[PDB]
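Q: Let me give you the structure first, and then I'll get to my questions.
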């Protein structure tokens, strides 16, 4: 699924996201975003990204 | 009146351990969108002459 971030921080977030995050459900996000590069594989196995 | 123990001895029904709260509300966390983004029953946008 999806959820425009632009409209999010505008609308004020209706815990829609808050709920999905809490409950763990496959989802996507959209808009401008800060990436962050890592290396030491480790990080991955440890699944830091979650 | 004479005194008769028996009849003056009553048992006591009392709840146990409260905690009384006043003011209330306070527990409410609330913010606000940025003024430039308002809306009435309208839903189009209050104050919209850019």
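Protein chains in written order, with PDB author numbering: chain A, 731 to 780; chain B, 831 to 880. All C-beta atoms, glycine included, are put in the ideal place defined by N, C-alpha and C.
Give the single residue among 752(A), 740(A), 756(A), 772(A) whose Cα lies nearest to the Cα of residue 732(A).
A: If you number the first chain from 1, residue 732(A) lands on position 2. Comparing Cα-Cα distances from residue 732(A) to each of 752(A), 740(A), 756(A), 772(A), the minimum goes to 756(A).
Q: Using a C-beta cutoff of 9 Å, does residue 761(A) count as contacting chain B?
A: For the purposes of this step, residue 761(A) is taken as the residue at position 31 of the first chain. So, not an interface residue.
Q: Taking the alpha carbon of residue 861(B) as the point to measure from, which residue in 779(A), 742(A), 735(A), 734(A) has its own alpha carbon closest?
A: Here the question's residue 861(B) lines up with position 31 in the second chain. Minimum Cα distance to residue 861(B) is reached at 742(A).
Q: List the endpoints of the continuous alpha helix (DSSP H) containing residue 835(B).
A: Stepping through the second chain from its first residue, residue 835(B) is reached at position 5. First-last of the alpha helix (DSSP H) with residue 835(B): 835–838.
Q: If the cut-off is 7 Å on Cβ atoms, which residues from the stretch 852–865 of chain B count as contacting chain A, listed in chain order?
A: Within the stretch 852–865 of chain B, the residues whose Cβ lies closer than 7 Å to some Cβ of chain A are 863, listed in chain order.
Q: In this structure, what does DSSP give as the bridge partners for residue 760(A)?
A: Here residue 760(A) refers to the residue found at position 30 when the first chain is read from its first residue. BP columns for residue 760(A) point to 734(A).
Q: Where do the ends of the alpha helix (DSSP H) carrying residue 849(B) lie?
A: Mapped onto the second chain, residue 849(B) falls at position 19. Counting along the chain, residue 849(B) falls outside any alpha helix (DSSP H), and DSSP gives it neither H nor E.
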